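These notes are about the structure you will find just below.
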Amino acid sequence: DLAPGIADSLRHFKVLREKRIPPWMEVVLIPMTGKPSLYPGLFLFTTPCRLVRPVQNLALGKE
Amino acid sequence: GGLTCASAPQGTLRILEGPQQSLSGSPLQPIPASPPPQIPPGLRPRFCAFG
Numbered sequence: 569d570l571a572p573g574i575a576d577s578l579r580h581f582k583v584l585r586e587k588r589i590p591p592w593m594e595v596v597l598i599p600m601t602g603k604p605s606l607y608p609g610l611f612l613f614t615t616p617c618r619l620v621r622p623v624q625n626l627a628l629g630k631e
Numbered sequence: 103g104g105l106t107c108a109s110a111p112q113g114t115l116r117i118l119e120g121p122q123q124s125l126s127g128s129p130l131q132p133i134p135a136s137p138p139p140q141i142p143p144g145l146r147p148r149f150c151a152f153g
């Protein structure tokens, strides 16, 4: 019950360039249900070879 | 005079620091939507027949 808020807080840091979260960290939160969905858990990638793309973040308008 | 095991703790507290959510405004774009291509005013014909 803290994973959603943590993911949203981390996404707000990267967007507003707060803390030291790299502007390009991927905060992923693969939810867990009872179904055979992808393995659950909060990943956070910041490695130097991933592909990224810009999108206008609504609720903040901060790209 | 040594250290002995004491009573088991009755509870646990886990502290974390968390900020809150703002209002949903959802300001999608500076100049938004795909603005349509359109007619230059008046224009005028730039060609005539012979005669």
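As you go down the protein sequences, you meet chains B and S in turn. Quick note: the first sequence uses UniProt numbering, first residue 569, plus one each step. Quick note: the second sequence uses UniProt numbering, first residue 103, plus one each step. Heads up, the beta-carbon is just placed ideally off N, CA and C, and yes, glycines get one too.
Could you tell me the alpha carbon to alpha carbon distance between residue i and residue j, rounded to whole angstroms?
| i | j | result |
| --- | --- | --- |
| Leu619(B) | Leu612(B) | 14 Å |
| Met600(B) | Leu606(B) | 8 Å |
| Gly629(B) | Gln131(S) | 7 Å |
| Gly144(S) | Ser124(S) | 49 Å |
| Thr615(B) | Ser126(S) | 31 Å |
| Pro111(S) | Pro121(S) | 30 Å |
| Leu118(S) | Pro591(B) | 23 Å |
| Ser577(B) | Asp569(B) | 14 Å |
Could you check where the beta strand (DSSP E) with residue i kicks off and where it finishes?
| i | result |
| --- | --- |
| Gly609(B) | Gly609 to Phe613 |
| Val583(B) | From DSSP, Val583(B) is part of no beta strand (DSSP E) but of the alpha helix (DSSP H) over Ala571 to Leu584. |
| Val596(B) | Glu594 to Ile598 |
Just to confirm my understanding: we take residue i, look at its own chain, exclude 5 residues before and 5 after, and list those with CB closer than 6 Å. What are they?
| i | result |
| --- | --- |
| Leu610(B) | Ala571 and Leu597 |
Assuming residue i contacts residue j under a Cβ cut-off of 8 Å, what Cβ separation, rounded to an integer in Å, is found between them?
| i | j | result |
| --- | --- | --- |
| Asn625(B) | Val583(B) | 5 Å |
| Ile574(B) | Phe581(B) | Going by Cβ atoms, the distance from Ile574(B) to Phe581(B) rounds to 11 Å, so no, they are not a contact pair. |
Within the same chain, show all residues whose beta-carbon is closer than 8 Å to that of residue i, passing over the 5 residues directly before and after it, in chain order.
| i | result |
| --- | --- |
| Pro129(S) | none |
| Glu586(B) | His580 |
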